[PDB]
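Visitor: I'd like to ask some things about the structure below.
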Amino acid sequence: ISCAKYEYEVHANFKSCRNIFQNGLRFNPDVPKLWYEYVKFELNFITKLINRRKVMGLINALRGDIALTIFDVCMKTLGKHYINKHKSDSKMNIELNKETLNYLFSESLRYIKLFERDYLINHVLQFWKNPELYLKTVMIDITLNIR
Amino acid sequence: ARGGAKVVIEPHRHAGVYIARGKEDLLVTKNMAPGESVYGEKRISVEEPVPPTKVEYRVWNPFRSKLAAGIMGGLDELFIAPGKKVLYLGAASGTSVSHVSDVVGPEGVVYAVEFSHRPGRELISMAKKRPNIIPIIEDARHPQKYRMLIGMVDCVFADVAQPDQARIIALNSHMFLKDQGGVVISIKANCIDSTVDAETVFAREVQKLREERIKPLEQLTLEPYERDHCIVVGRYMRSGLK
Amino acid sequence: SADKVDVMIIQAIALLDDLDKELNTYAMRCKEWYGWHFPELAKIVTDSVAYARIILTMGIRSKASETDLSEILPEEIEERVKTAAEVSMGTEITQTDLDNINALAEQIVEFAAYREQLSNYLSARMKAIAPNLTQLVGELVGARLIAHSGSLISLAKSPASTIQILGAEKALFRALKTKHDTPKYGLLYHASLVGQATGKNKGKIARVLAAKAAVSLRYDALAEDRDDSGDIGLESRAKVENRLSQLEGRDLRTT
Amino acid sequence: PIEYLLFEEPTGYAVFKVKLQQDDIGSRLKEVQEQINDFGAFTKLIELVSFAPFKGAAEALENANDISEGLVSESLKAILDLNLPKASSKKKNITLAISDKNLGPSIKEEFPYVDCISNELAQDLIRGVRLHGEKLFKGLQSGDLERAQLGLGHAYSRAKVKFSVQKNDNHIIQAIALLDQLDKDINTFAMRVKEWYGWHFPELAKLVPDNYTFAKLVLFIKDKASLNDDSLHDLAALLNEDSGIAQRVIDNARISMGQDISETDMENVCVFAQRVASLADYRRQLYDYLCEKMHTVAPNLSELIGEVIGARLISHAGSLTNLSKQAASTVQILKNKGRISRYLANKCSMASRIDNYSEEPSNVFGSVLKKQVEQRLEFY
Amino acid sequence: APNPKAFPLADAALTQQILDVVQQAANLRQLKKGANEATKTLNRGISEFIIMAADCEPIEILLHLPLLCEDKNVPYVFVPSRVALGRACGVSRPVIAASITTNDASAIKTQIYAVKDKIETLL
RNA sequence: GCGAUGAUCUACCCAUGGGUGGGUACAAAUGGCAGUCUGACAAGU
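Chains as they are written, first to last, in PDB author numbering: chain UF, 148 to 207, 264 to 290, 296 to 323, 330 to 344, 356 to 372; chain CA, 80 to 128, 134 to 326; chain CE, 155 to 409; chain CD, 3 to 336, 370 to 415; chain CG, 3 to 125.
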């Protein structure tokens with residue numbers, strides 16, 4: 148994170164920061180903190196590009268899609284890794305499956321708290343659906370319509 | 080001998096092993112996991128003084149082992165000791181690898197290697213009860229195949245029956261054995277070569293060792309226990325065999 | 155009075171000894187099962203009650219690496235168990251087996267709590283029956299002396315040197331018939347004053363404490379208007395404490 | 003020209019960089035072998051440049067199995083792709099050193115500018131690395147290599163032998179041992195509470211012999227006095243009033259000469275009786291679990307003889323493995372009565388054979404053998 | 003996917019050679035007949051090689067033998083009929099397992115060593 | 001309508017009852033071994 152942050156904050160070479168993040172995720176595809184930071188960097192890069200477009204046009264959903272594909276592969280590899288860390297029988301495997309799903313979707317709630331905000335939460339809950358967590362999700366739906 | 084007799088334990092010349100003197104003398108190793116005989120042998124028990137405990141010793145049968153046969157015939161040097169690391173090639177089961185593990189004790193380790201899987205299951209159960217052993221259920225001619233499990237073992241023992249005995253010993257001992265490290269081979273003449281005689285087989289295999297840079301120190305034949313068998317003790321030199 | 159039941163004392167101390175023995179053997183068997191699954195916990199934590207509470211806390215190496223065990227173990231031993239659970243050599247269990255192991259650990263915890271409850275009950279019983287001997291030598295040693303001698307009356311009838319010797323009868327009679335030197339402590343070794351003395355002072359304090367214990371015993375077994383506040387025992391402890399402190403202040407070497 | 007070498011450890015991979023190429027013609031010399039041994043010279047020969055540990059025990063198992071097969075795992079690909087400089091693939095390929103000639107070609111097919119050497123000089127460097135071990139890492143690698151060896155070895159060997167969960171029988175052995183000790187201690191503690199309350203009520207102590215019912219009776223009856231007709235019907239809801247035992251004990255309680263005890267004594271007696279009752283409940287639970295595990299692990303033997311006796315045979319032979327290893331007369335070692376017991380020994384040995392060496396056994400052949408022994412009994 | 007539990011099983015020519023040495027050994031009193039006698043010879047150490055039937059009902063009752071064979075380094079074969087094994091063994095009843103024991107002053111020594119060489123290369 | 005998936009063999013009285021007798025694992029015994037040390041000095045100045 149620190150080398151990527153120095154590179155993007157002082158010299159601002161977004162391609163270099165991208166390659167740094169991809170290498171770091173190749174080494175540690177287990178760390179939700181590093182996944183979180185990659186998503187945050189991509190979001191900041193998108194907002195900077197948007198504001199540069201705004202000031203350019205002022206003088207004279265692809266982005267959400269890439270952040271959300273990063274979220275999708277985040278959920279895939281985090282599920283795989285929380286399973287493989289402590290790989296048994298029917299009840300044991302089923303209980304472990306419930307615990308893994310609980311952990312993954314608590315992390316996605318943290319992604320929501322990190323959070330076209332409406333479109334972002336919309337596609338997150340779309341991937342989610344595709356008990357109490359279901360209630361919290363439909364609560365998120367109602368509060369999104371409030372927002 | 081019987082179910083109630085009383086004996087006097089005594090330290091042998093080699094450390095780790097003991098003699099049980101009575102009306103007939105019994106080779107003995109200190110039992111590590113006490114209360115369960117592995118291959119059904121009788122076992123001695125002393126009581127030692134906190135409240136005292138019951139320590140247990142285990143008899144070593146030389147009509148079953150091919151290392152207690154060497155001990156009883158009298159080997160001047162055996163490189164297995166109370167604190168070392170021993171690589172055991174051809175470890176069929178506890179019937180010898182458990183006694184070797186009781187000799188090296190809780191400080192040292194023993195890596196047992198077997199190919200076939202039913203003795204593998206026996207080895208897995210016995211190694212679960214005994215922590216000094218790590219088991220490998222893989223072919224012993226492929227140290228590259230199991231290189232991630234072994235680091236710089238200190239002696240090698242060989243109970244391999246296959247006729248490539250000297251080459252498989254040379255491979256494992258170049259890979260893992262330490263310098264100036266003890267090699268102990270149990271040669272079976274009938275398995276190595278059936279047509280020619282046992283002495284010819286023995287001279288031939290000591291020649292193969294000396295070619296593969298193991299300097300043989302001694303050679304015993306262990307005659308009242310097995311026929312046509314031999315134990316060669318050598319030292320792995322790697323630097324100036326002369 | 156309804157509370158003066160030395161039969162309840164001797165039954166309680168016999169139950170205490172058997173309870174300790176059986177709790178020990180059941181703890182060993184529980185260590186055997188959960189060492190068949192977890193072969194490092196036995197060499198990490200030898201406290202059998204801690205073993206049972208750890209088994210009640212987690213039932214698998216992942217729950218060992220996730221849940222918190224602060225009230226059971228210190229933090230360094232806790233993280234050491236966590237790394238051992240990360241790399242454990244033993245197999246994994248099925249659910250009915252984990253049920254039975256959990257029930258066995260609950261049995262161990264219940265027996266430990268029952269032993270503590272019974273020990274406190276016996277202590278209050280001694281403070282109700284022979285409070286002066288309780289103030290002198292302690293509840294455990296008082297119950298052991300009463301249990302050895304049978305009844306409080308027989309223990310009061312015995313002289314003081316017998317109350318000193320009372321435990322070491324094997325070595326006593328062997329030395330007597332062999333013409334050797336007789337043992338000097340007896341059962342009074344585990345009283346606190348003999349636990350504070352050092353060597354020849356342990357011998358002399360065993361003698362003085364035995365004399366004062368015989369005084370207290372003859373008071374309590376034969377009192378008609380017993381105060382049940384133990385002032386005789388308090389003053390005997392005062393005299394023994396003063397004697398011991400003076401005998402420790404007395405020095406052997408040169409200055 | 004052996005520029006980089008790769009060493010694989012149970013806690014992850016490491017890549018060293020060669021500082022000096024030792025000379026190649028004098029490699030069988032005493033001076034060069036002793037420079038391998040001395041740590042004063044291996045520091046001049048090899049420096050560590052990278053080290054990446056494994057993430058978990060399962061990935062260590064999978065990566066060790068993959069090194070054993072000789073293919074390139076993902077973590078290996080990651081470390082090599084980080085460390086190796088992309089030189090040209092025609093002129094001056096980089097040179098890696100590898101312990102395995104078989105591992106070589108997969109490295110080449112992955113990275114096309116790397117040449118993998120496994121000669122005696124590379125074996126010499128790798129032997130020096132393995133010898134000096136933990137000292138080379140300058141302090142990095144946490145976790146102890148010995149514990150890592152033992153865990154990874156047991157896990158890899160179990161995976162290669164394809165171990166099971168059913169054929170485990172130490173649960174059976176320890177369950178029958180615990181059944182024996184529970185029965186002995188429940189009898190002891192039940193006699194203890196029986197005496198310790200028959201001191202207060204010897205008529206009841208003489209009347210009701212059964213220990214669990216006696217414990218329930220002491221749990222109900224606090225004193226021998228506060229026992230009315232509703233409590234009489236409460237004992238009728240308990241054991242039996244049609245036998246009249248409730249009437250007998252209420253008459254003996256109304257006429258009792260037992261010495262009255264203190265309230266703390268009665269409370270502690272109640273606590274002890276509660277403890278004994280819970281122990282009896284645990285014993286019944288253990289019995290039923292033992293019957294279930296015998297029907298799962300040894301159904302043929304348990305069909306032929308019984309759950310508890312089958313557990314006795316297993317625990318006395320030592321394991322089901324040894325019981326099926328043994329002959330058909332030593333299991334008897336473990370007139371018509373003697374001959375029929377010998378026949379039963381033969382047949383229980385055969386049932387032990389099939390029950391162990393099948394993978395999931397079958398009560399059909401259990402029942403076949405049982406029906407055969409029963410037909411032989413009818414023949415006698 | 004795996005091997006059958008009976009494996010290694012013998013070709014018909016090797017089966018004929020095996021049963022020939024079985025009958026001559028039973029004629030000259032070198033053959034122990036039955037799974038118990040075979041296991042006893044494996045413990046006592048007197049056996050030379052083992053023949054086992056690969057169709058008895060069921061296969062596990064004699065499948066206890068290869069574990070002892072592997073731990074004591076004895077070769078073993080699986081012939082496909084206990085009926086033919088009992089016939090060539092000279093019993094009035096099918097045998098499922100036989101043990102050719104060792105002897106040194108035996109008339110059939112090179113016959114036993116020939117078939118045992120064939121078995122050791124079969125494994 | 002047999003058998004290698006195993007045939008055969010491994011103390012005294014009263015014409016398949018009771019009465020003598022010996023031997024191995026576990027319990028109870030206020031049954032036995034089995035008898036509760038010495039007795040005027042000691043320490044300081």
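Ideal Cβ placement from N, Cα and C applies to all residues, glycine included.
Would the segment 91 to 110 of chain CG and the segment 44 to 52 of chain CG be scored as touching if the rule is three or more Cβ pairs under 8 Å?
Guide: Result yes; three or more Cβ-Cβ pairs closer than 8 Å.
Visitor: When we look at the beta-carbon of residue 105 (chain CA) and count the other beta-carbons within 10 Å, is it buried (16 or more) or exposed?
Guide: For the purposes of this step, residue 105 (chain CA) is taken as the residue at position 26 of the second sequence. With 16 or more other Cβ atoms within 10 Å, it is buried.
Visitor: Please work out which residues of its chain come closer than 7 Å, Cβ to Cβ, to residue 150 (chain UF), disregarding the five sequence neighbours upstream and downstream, and give them in chain order.
Guide: For the purposes of this step, residue 150 (chain UF) is identified with residue 3 of the first sequence, where counting begins at 1. Only 167 meet the Cβ criterion.
Visitor: Could you give the first and the last residue of the continuous beta strand (DSSP E) run that contains residue 305 (chain CA)?
Guide: In the second sequence, the residue the question calls residue 305 (chain CA) occupies position 221. Premise fails: residue 305 (chain CA) is in no beta strand (DSSP E) and is neither H nor E.
Visitor: Residue range of the beta strand (DSSP E) that residue 54 (chain CG) falls in?
Guide: On the fifth sequence, residue 54 (chain CG) is found 52 positions in, with the first residue counted as 1. Unbroken beta strand (DSSP E) run through residue 54 (chain CG): 49 to 55.
Visitor: Determine which residues share a DSSP beta bridge with residue 314 (chain CA) and list them.
Guide: Taking the first residue of the second sequence as position 1, residue 314 (chain CA) is located at position 230. Per DSSP, CA:271.
Visitor: Per DSSP, what kind of secondary structure is residue 101 (chain CG) in: helix, strand or coil?
Guide: Numbered from 1 along the fifth sequence, position 99 holds the residue referred to as residue 101 (chain CG). Note: residue 101 (chain CG) maps to strand in three-state DSSP.
Visitor: So for residue 8 (chain CD), helix, strand or coil by DSSP?
Guide: Position 6 of the fourth sequence, counting from 1, holds the residue named residue 8 (chain CD). Residue state, collapsed to three classes: strand.
Visitor: Counting pairs of Cβ atoms below 8 Å between the segment 25 to 44 of chain CD and the segment 144 to 160 of chain CD, do you hit three or more?
Guide: Contact between the segment 25 to 44 of chain CD and the segment 144 to 160 of chain CD is absent, because fewer than three Cβ pairs lie under 8 Å.
Visitor: Entirely within the segment 164 to 243 of chain CD and at least 4 residues each: give me those alpha helix (DSSP H) ranges in chain order.
Guide: Counting whole runs of 4 or more residues, the segment 164 to 243 of chain CD contains the alpha helix (DSSP H) stretches 172 to 200, 204 to 209, 213 to 222 and 231 to 239.
Visitor: Against chain CD, with Cβ distances strictly below 8 Å, would residue 60 (chain CG) count as a contact?
Guide: The residue labelled residue 60 (chain CG) in the question sits at position 58 within the fifth sequence. Taking Cβ atoms only, chain CD reaches closer than 8 Å to residue 60 (chain CG), which makes this a yes.
Visitor: Out of CA:200, CA:159 and CA:219, point me to the one whose CA is closest to residue 185 (chain CA)'s CA.
Guide: Indexing the second sequence from 1 puts residue 185 (chain CA) at position 101. The shortest Cα separation from residue 185 (chain CA) among CA:200, CA:159 and CA:219 belongs to CA:219.
Visitor: So, with DSSP's three-state summary, where would you put residue 231 (chain CA)?
Guide: Here residue 231 (chain CA) corresponds to residue number 147 of the second sequence, with the count starting at 1. Three-state DSSP puts residue 231 (chain CA) in coil, outside helix and strand.
Visitor: Taking any Cβ of chain CG, which residues in the segment 265 to 298 of chain CA have a Cβ under 9 Å from it, in chain order?
Guide: Cβ contacts with chain CG: 272, 275 and 278.
Visitor: Leaving aside the five residues before and after residue 98 (chain CA) along the sequence, list all residues of the same chain whose C-beta is less than 6 Å from its C-beta, in chain order.
Guide: The residue you call residue 98 (chain CA) lines up with position 19 of the second sequence. If we look at residue 98 (chain CA) and ignore the five residues flanking it on each side, its Cβ neighbours are 89, 91 and 104.
Visitor: Counting contacts by CB-CB distance shorter than 8 Å, is residue 6 (chain CG) in contact with chain CA?
Guide: Position 4 of the fifth sequence holds residue 6 (chain CG). False, the Cβ-Cβ gap to chain CA never drops below 8 Å.
Visitor: With a threshold of 8 Å on Cβ separation, who are the neighbours of residue 92 (chain CG) within its own chain once the five nearest residues in sequence on each side are excluded?
Guide: In the fifth sequence, residue 92 (chain CG) corresponds to position 90, counting from 1. Closer than 8 Å at Cβ, skipping near neighbours: 25, 28 and 29.
Visitor: To the nearest whole angstrom, what separates the beta carbons of residue 334 (chain CE) and residue 320 (chain CE), a pair I think is in contact under 8 Å?
Guide: Along the third sequence, read from residue 1 onward, the residue named residue 334 (chain CE) stands at position 180. Along the third sequence, read from residue 1 onward, the residue named residue 320 (chain CE) stands at position 166. At roughly 19 Å, the Cβ-Cβ gap does not stay under 8 Å, so residue 334 (chain CE) and residue 320 (chain CE) are not in contact.
Visitor: Please list the terminal residues of the continuous beta strand (DSSP E) segment that includes residue 110 (chain CD).
Guide: Within the fourth sequence, numbered from 1, the residue matching residue 110 (chain CD) stands at position 108. Unbroken run through residue 110 (chain CD) is the alpha helix (DSSP H), 106 to 112; no beta strand (DSSP E).
Visitor: Determine the DSSP secondary structure at residue 285 (chain CD), reduced to helix, strand or coil.
Guide: Here residue 285 (chain CD) corresponds to residue number 283 of the fourth sequence, with the count starting at 1. Helix, per DSSP.
Visitor: Considering Cα atoms alone, identify which of CD:150, CD:315, CD:133 and CD:266 is closest to residue 48 (chain CD).
Guide: The sequence position of residue 48 (chain CD) within the fourth sequence is 46, counting from 1. Minimum Cα distance to residue 48 (chain CD) is reached at CD:133.
Visitor: Using the beta-carbon of each residue, which ones in chain CE are nearer than 7 Å to residue 182 (chain CD)?
Guide: Against the fourth sequence, residue 182 (chain CD) aligns to sequence position 180. None at all; the shortest Cβ gap to chain CE is about 11 Å.
Visitor: Please confirm whether residue 246 (chain CE) has its beta-carbon closer than 8 Å to some beta-carbon of chain UF.
Guide: As a first step, residue 246 (chain CE) is located in the third sequence; it is residue number 92 there, counting from the start. Chain UF contact via Cβ: present.
Visitor: Inspect the beta-carbon positions of residue 52 (chain CD) and residue 27 (chain CD) and report whether they are closer than 8 Å.
Guide: Position 50 of the fourth sequence, counted from the start, is the residue given in the question as residue 52 (chain CD). Position 25 of the fourth sequence, counted from the start, is the residue given in the question as residue 27 (chain CD). Cβ distance not < 8 Å, so residue 52 (chain CD) and residue 27 (chain CD) don't count as in contact.
Visitor: According to the neighbour-count rule (16 or more other Cβ atoms, all chains shown, within 10 Å of its Cβ), is residue 265 (chain CE) buried or exposed?
Guide: Translated into the one-based positions of the third sequence, residue 265 (chain CE) becomes position 111. Classification of residue 265 (chain CE): buried, given that the 10 Å Cβ count is 16 or more.
Visitor: Just to confirm, is the Cβ distance from residue 386 (chain CE) to residue 300 (chain CE) under 8 Å?
Guide: Working through the third sequence from its first residue, we reach residue 386 (chain CE) at position 232. Working through the third sequence from its first residue, we reach residue 300 (chain CE) at position 146. Not closer than 8 Å, so no.
Visitor: Return the CA-CA distance between residue 260 (chain CA) and residue 189 (chain CA), expressed in angstroms with no decimal places.
Guide: Within the second sequence, numbered from 1, the residue matching residue 260 (chain CA) stands at position 176. Within the second sequence, numbered from 1, the residue matching residue 189 (chain CA) stands at position 105. Roughly 21 Å separates the two Cα atoms.
Visitor: Please compile the residues from chain CE whose C-beta is within a distance smaller than 9 Å of the C-beta of residue 138 (chain CA).
Guide: Against the second sequence, residue 138 (chain CA) aligns to sequence position 54. Near residue 138 (chain CA) there are no residues of chain CE at all, since even the closest Cβ is about 13 Å away, more than 9 Å.
Visitor: Does residue 289 (chain UF) come within less than 8 Å of chain CE when only Cβ atoms are used?
Guide: Counted from its first residue, the first sequence places residue 289 (chain UF) at position 86. It does; some Cβ of chain CE falls within 8 Å.
Visitor: With a cut-off of 8 Å, do at least 3 Cβ pairs link the segment 169 to 183 of chain CD to the segment 301 to 316 of chain CD?
Guide: A contact exists between the segment 169 to 183 of chain CD and the segment 301 to 316 of chain CD.
Visitor: State yes or no: is the C-beta of residue 85 (chain CD) within less than 8 Å of the C-beta of residue 17 (chain CD)?
Guide: Along the fourth sequence, read from residue 1 onward, the residue named residue 85 (chain CD) stands at position 83. Along the fourth sequence, read from residue 1 onward, the residue named residue 17 (chain CD) stands at position 15. Cβ distance < 8 Å, so residue 85 (chain CD) and residue 17 (chain CD) count as in contact.
Visitor: Rounded to whole angstroms, what is the Cα-Cα separation between residue 4 (chain CD) and residue 113 (chain CD)?
Guide: Numbered from 1 along the fourth sequence, position 2 holds the residue referred to as residue 4 (chain CD). Numbered from 1 along the fourth sequence, position 111 holds the residue referred to as residue 113 (chain CD). Each residue's Cα considered, the two are about 17 Å apart.
Visitor: Any residues in the segment 225 to 244 of chain CE with a beta carbon nearer than 9 Å to a beta carbon of chain CD? Which ones, in chain order?
Guide: Answer in chain order: 237, 238, 240, 241, 242, 243 and 244.
Visitor: Under 8 Å, do residue 119 (chain CD) and residue 109 (chain CD) count as touching if we go by C-beta distance?
Guide: The sequence position of residue 119 (chain CD) within the fourth sequence is 117, counting from 1. The sequence position of residue 109 (chain CD) within the fourth sequence is 107, counting from 1. No, these two residues do not count as a Cβ contact at 8 Å.
Visitor: Considering just the uninterrupted stretch of the beta strand (DSSP E) at residue 99 (chain CD), what are its terminal residues?
Guide: Translated into positions along the fourth sequence, residue 99 (chain CD) becomes position 97. Looking at the DSSP string, the run of the beta strand (DSSP E) that includes residue 99 (chain CD) is 96 to 99.
Visitor: Beta-carbon within less than 7 Å of residue 391 (chain CE)'s beta-carbon, same chain only, minus the 5 sequence neighbours each way: which residues are those?
Guide: Residue numbering aside, residue 391 (chain CE) sits at position 237 when the third sequence is read from its first letter. Same-chain partners within the cutoff: 289 and 290.
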